[PDB]
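Coordinates from target.txt are shown below (compact mmCIF, C-alpha atoms).
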```
# COMPACT_ATOMS: atom_id res chain seq x y z
CA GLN R 1 4.54 31.14 -13.38
CA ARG R 2 2.87 27.71 -12.83
CA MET R 3 -0.24 26.81 -10.73
CA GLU R 4 0.68 23.65 -8.69
CA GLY R 5 -2.97 22.48 -9.18
CA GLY R 6 -6.89 19.72 -5.82
CA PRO R 7 -7.14 21.15 -2.25
CA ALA R 8 -3.64 21.61 -0.67
CA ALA R 9 -3.62 21.19 3.18
CA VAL R 10 -1.52 24.40 3.64
CA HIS R 11 -2.65 24.41 7.36
CA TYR R 12 -1.85 20.65 7.89
CA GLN R 13 -1.46 19.63 11.60
CA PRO R 14 0.97 16.68 12.12
CA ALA R 15 -0.69 13.36 13.21
CA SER R 16 2.46 12.65 15.36
CA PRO R 17 4.51 14.40 18.07
CA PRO R 18 7.68 16.29 17.00
CA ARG R 19 10.43 13.96 15.55
CA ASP R 20 12.56 14.03 18.79
CA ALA R 21 9.48 13.22 21.02
CA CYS R 22 8.67 9.97 19.03
CA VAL R 23 9.60 6.40 20.16
CA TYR R 24 12.58 5.58 17.82
CA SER R 25 15.07 2.66 17.50
CA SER R 26 17.62 2.56 14.58
CA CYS R 27 17.06 -0.52 12.27
CA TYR R 28 13.48 -1.15 13.67
CA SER R 29 11.49 1.14 11.27
CA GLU R 30 8.63 -1.49 11.13
CA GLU R 31 8.19 -0.96 14.95
CA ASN R 32 8.79 2.86 14.79
CA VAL R 33 5.91 3.11 12.20
CA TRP R 34 3.76 0.69 14.36
CA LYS R 35 4.17 3.05 17.40
CA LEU R 36 3.13 6.07 15.19
CA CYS R 37 0.00 4.04 14.08
CA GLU R 38 -0.76 3.26 17.81
CA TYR R 39 -0.38 7.01 18.73
CA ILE R 40 -2.78 8.04 15.87
CA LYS R 41 -5.30 5.32 17.04
CA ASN R 42 -5.25 6.57 20.73
CA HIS R 43 -5.24 10.32 19.69
CA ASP R 44 -8.71 11.71 18.67
CA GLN R 45 -7.29 13.83 15.76
CA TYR R 46 -7.40 11.78 12.47
CA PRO R 47 -9.28 8.55 11.59
CA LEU R 48 -6.96 5.46 11.31
CA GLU R 49 -8.42 4.62 7.79
CA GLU R 50 -6.53 7.74 6.42
CA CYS R 51 -3.09 6.22 7.45
CA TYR R 52 -0.88 3.48 5.83
CA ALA R 53 2.29 1.54 6.75
CA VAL R 54 4.44 1.43 3.54
CA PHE R 55 7.14 -1.31 3.24
CA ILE R 56 9.82 -0.51 0.59
CA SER R 57 11.82 -3.57 -0.66
CA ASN R 58 12.49 -5.84 -3.71
CA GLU R 59 13.25 -9.53 -4.58
CA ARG R 60 16.99 -9.09 -3.68
CA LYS R 61 16.14 -6.91 -0.58
CA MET R 62 18.57 -4.12 -1.74
CA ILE R 63 16.84 -0.66 -2.05
CA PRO R 64 18.50 2.80 -2.18
CA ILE R 65 16.89 5.57 -0.04
CA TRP R 66 18.36 9.14 -0.27
CA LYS R 67 18.25 11.91 2.46
CA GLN R 68 18.73 9.28 5.27
CA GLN R 69 20.24 10.21 8.73
CA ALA R 70 22.44 7.01 8.77
CA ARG R 71 24.42 8.47 5.75
CA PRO R 72 24.48 12.31 5.49
CA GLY R 73 25.31 13.63 1.95
CA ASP R 74 24.20 13.14 -1.72
CA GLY R 75 24.57 9.28 -1.66
CA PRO R 76 21.92 6.70 -0.60
CA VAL R 77 21.70 4.07 2.21
CA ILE R 78 21.13 0.51 0.80
CA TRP R 79 18.47 -1.14 3.07
CA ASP R 80 17.19 -4.77 2.96
CA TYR R 81 13.81 -2.96 3.53
CA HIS R 82 12.45 0.35 4.95
CA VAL R 83 9.05 1.32 6.50
CA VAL R 84 7.47 4.84 6.56
CA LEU R 85 3.97 6.12 7.53
CA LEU R 86 1.77 7.65 4.76
CA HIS R 87 -1.10 10.01 5.77
CA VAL R 88 -3.64 10.71 2.94
CA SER R 89 -5.34 13.91 4.32
CA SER R 90 -9.15 14.39 3.75
CA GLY R 91 -8.56 16.57 0.62
CA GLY R 92 -6.15 14.03 -1.02
CA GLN R 93 -2.79 15.72 -0.12
CA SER R 94 -0.34 12.96 1.08
CA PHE R 95 2.35 13.31 3.83
CA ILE R 96 5.32 10.98 4.69
CA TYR R 97 6.43 10.40 8.34
CA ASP R 98 9.99 8.88 8.19
CA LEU R 99 11.91 9.16 11.52
CA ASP R 100 15.15 8.22 9.57
CA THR R 101 14.92 11.09 6.96
CA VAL R 102 16.82 14.47 7.12
CA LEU R 103 13.82 15.88 5.11
CA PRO R 104 11.08 17.50 7.30
CA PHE R 105 8.91 15.32 9.65
CA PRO R 106 6.32 15.24 8.23
CA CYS R 107 7.21 15.90 4.52
CA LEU R 108 4.87 16.46 1.49
CA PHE R 109 4.59 13.18 -0.56
CA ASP R 110 5.85 14.67 -3.90
CA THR R 111 8.91 16.20 -2.08
CA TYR R 112 9.80 12.84 -0.34
CA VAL R 113 9.37 10.88 -3.67
CA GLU R 114 11.46 13.55 -5.54
CA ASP R 115 14.40 13.77 -3.01
CA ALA R 116 14.36 10.44 -1.00
CA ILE R 117 13.07 7.84 -3.58
CA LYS R 118 13.87 9.35 -7.07
CA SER R 119 12.97 7.58 -10.39
CA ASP R 120 13.81 3.86 -11.11
CA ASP R 121 14.44 4.92 -14.81
CA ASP R 122 18.31 5.03 -14.69
CA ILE R 123 18.67 2.80 -11.52
CA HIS R 124 20.33 -0.67 -12.01
CA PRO R 125 17.28 -3.02 -12.20
CA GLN R 126 18.35 -5.28 -9.22
CA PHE R 127 18.07 -2.07 -7.01
CA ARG R 128 14.53 -0.99 -8.22
CA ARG R 129 11.91 -0.33 -5.46
CA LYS R 130 8.47 -1.99 -4.90
CA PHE R 131 5.90 -0.80 -2.26
CA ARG R 132 3.54 -2.83 0.00
CA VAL R 133 0.82 -0.43 1.36
CA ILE R 134 -1.20 -1.65 4.43
CA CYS R 135 -4.09 0.30 6.08
CA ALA R 136 -2.88 1.35 9.60
CA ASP R 137 -5.90 -0.51 11.17
CA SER R 138 -4.83 -3.81 9.43
CA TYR R 139 -1.12 -3.17 10.37
CA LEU R 140 -1.97 -2.78 14.14
CA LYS R 141 -4.28 -5.89 14.05
CA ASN R 142 -2.01 -8.29 12.02
CA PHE R 143 1.71 -7.21 12.40
CA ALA R 144 3.83 -9.43 14.73
CA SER R 145 7.67 -9.46 15.21
CA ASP R 146 9.69 -11.51 17.80
CA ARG R 147 12.90 -9.66 16.58
CA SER R 148 14.55 -13.09 15.78
CA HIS R 149 15.90 -11.51 12.48
CA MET R 150 18.02 -9.00 14.56
CA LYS R 151 19.87 -11.80 16.51
CA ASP R 152 23.03 -13.62 15.21
CA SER R 153 23.33 -17.49 15.37
CA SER R 154 25.06 -17.13 18.83
CA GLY R 155 21.96 -15.15 20.02
CA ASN R 156 23.52 -11.64 20.51
CA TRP R 157 21.73 -8.44 19.22
CA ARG R 158 23.03 -6.92 15.90
CA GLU R 159 21.39 -3.58 16.99
CA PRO R 160 19.97 -2.73 20.48
CA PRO R 161 16.25 -3.71 20.58
CA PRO R 162 13.41 -1.19 21.22
CA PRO R 163 12.82 -0.54 24.97
CA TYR R 164 9.35 -2.30 25.15
CA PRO R 165 8.04 -5.91 24.75
CA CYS R 166 7.82 -7.64 21.29
CA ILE R 167 4.65 -6.82 19.23
CA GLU R 168 2.41 -9.95 18.89
CA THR R 169 -1.26 -10.87 18.09
CA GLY R 170 -3.58 -13.85 18.83
CA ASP R 171 -2.78 -15.30 15.33
CA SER R 172 1.08 -14.93 15.21
CA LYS R 173 4.32 -13.90 17.04
CA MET R 174 6.35 -13.45 13.76
CA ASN R 175 5.06 -12.64 10.21
CA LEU R 176 7.58 -9.83 9.30
CA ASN R 177 8.63 -11.73 6.07
CA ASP R 178 4.98 -11.53 4.77
CA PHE R 179 5.30 -7.65 4.93
CA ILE R 180 8.91 -7.34 3.54
CA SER R 181 7.92 -9.75 0.67
CA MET R 182 6.81 -7.85 -2.51
CA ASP R 183 4.95 -11.01 -3.78
CA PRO R 184 1.27 -9.92 -4.17
CA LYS R 185 0.21 -13.60 -3.49
CA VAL R 186 1.33 -13.20 0.21
CA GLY R 187 0.45 -10.85 3.12
CA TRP R 188 -1.95 -7.91 3.70
CA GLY R 189 -2.45 -4.61 1.74
CA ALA R 190 -1.48 -4.05 -1.95
CA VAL R 191 1.95 -4.29 -3.71
CA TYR R 192 2.68 -1.35 -6.11
CA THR R 193 5.39 -0.46 -8.67
CA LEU R 194 6.97 3.03 -8.18
CA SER R 195 4.76 4.47 -11.02
CA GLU R 196 1.56 2.93 -9.44
CA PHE R 197 2.63 4.18 -5.93
CA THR R 198 3.51 7.80 -7.00
CA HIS R 199 0.28 8.02 -9.14
CA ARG R 200 -2.15 6.69 -6.43
CA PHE R 201 -0.97 9.02 -3.56
CA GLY R 202 0.91 11.80 -5.48
CA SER R 203 -0.64 15.03 -6.92
```
Starting from the coordinates I provided, produce the structure as structure tokens.
Amino acid sequence: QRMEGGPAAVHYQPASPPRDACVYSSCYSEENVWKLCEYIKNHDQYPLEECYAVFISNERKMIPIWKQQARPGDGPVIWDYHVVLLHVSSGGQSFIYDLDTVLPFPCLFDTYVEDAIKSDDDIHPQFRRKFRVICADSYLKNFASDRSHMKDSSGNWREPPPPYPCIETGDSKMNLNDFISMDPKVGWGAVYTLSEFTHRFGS
């Protein structure tokens, strides 16, 4: 026997609708997470300060993620970047909302790290993961994307765009590179190593 123990939110209520009821577009995870942040803001359930947009990438923009819908099985998808929502519940128990995972929606942090992320120990160093964590309030206020990165040079869509107008602010219409970048000298939020990330939010 082992005691898995602070306070565990055993009665946790999701901050989102059911997976299938959520606004989702394949290859637009930055916008899928943005829409979850907007839903949490307009819903009177959880404070926005408890929620974070998490960008996963690296210098070479080649990161493995396991348990992904786009590739069923034991092998990973190699993304240029991926975005999930992190909810740190009042007690300190963390939950991951990833609309692209075959793990539960939402999923306990430790379970998502264990099965989806795994250790960088025996991973080829060029594939190792870094994490930019942005408060959901700061993500909604500062994030802008004109979707120019999803068009070819001829101007045709690589993947069908989301069925609503481009997200913009007063300050910018495109700053997506400042979020995907894992340079701590650019952008909003904090950039973490895997060990720093798993420690901060993991039990």
For stretch 112-126 of chain R, work out the shell of residues within 9 Å, counting only C-alpha atoms and skipping chain neighbours fewer than 5 positions away, then give it as a VMD selection string. chain R and resid 58 to 60 62 to 68 76 95 to 96 101 103 107 194 to 195 198 202
Counting all atoms listed in the file, what is within 12 Å of residue R:82, bar same-chain residues fewer than 6 positions away, as a count of residues only? 34
Between atom CA of residue R:134 and atom CA of residue R:184, what is the distance in Å, rounded to a tenth?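 It comes out at 12.2 Å.
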Report, in Å to a single decimal, how far apart atom CA of residue R:13 and atom CA of residue R:110 are.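 Pair atom CA of residue R:110 / atom CA of residue R:13 returns 17.8 Å.
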Just want the 10 Å neighbourhood of residue R:143, counted on all atoms listed in the file, with same-chain residues fewer than 6 positions away dropped. Output as a ChimeraX atom specification. /R:30-31,34,167-169,171-176,178-179,188
Report, in Å with one decimal, the straight-line distance from atom CA of residue R:94 to atom CA of residue R:197.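 The value is 11.6 Å.
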Looking at all atoms listed in the file, which of R:7, R:147, R:46, R:85 is the one that sits closest to residue R:160?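 The shortest atom-to-atom distance to residue R:160 comes from R:147.
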Nearest to residue R:10 by atom-to-atom distance, counting only C-alpha atoms, from R:190, R:150, R:108, R:140: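 Of the candidates, the smallest distance to residue R:10 is held by R:108.
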Pick from R:42, R:156, R:89, R:203, whichever lies nearest to residue R:137 using all atoms listed in the file: R:42
Rank R:73, R:18, R:5, R:187 by their smallest atom-to-atom distance to residue R:102, using all atoms listed in the file, and report the top residue only.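 Selected residue with least distance to residue R:102: R:73.
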Counting all atoms listed in the file, the option among R:39, R:164, R:105, R:127 closest to residue R:79: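 Smallest distance to residue R:79 is found for R:127.
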Would you mind listing what lies within 8 Å of residue R:91 as a list in words, with all atoms listed in the file counted and same-chain residues fewer than 4 positions away left out?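 In the requested format, the answer is residues 6, 7, 8 and 9 of chain R.
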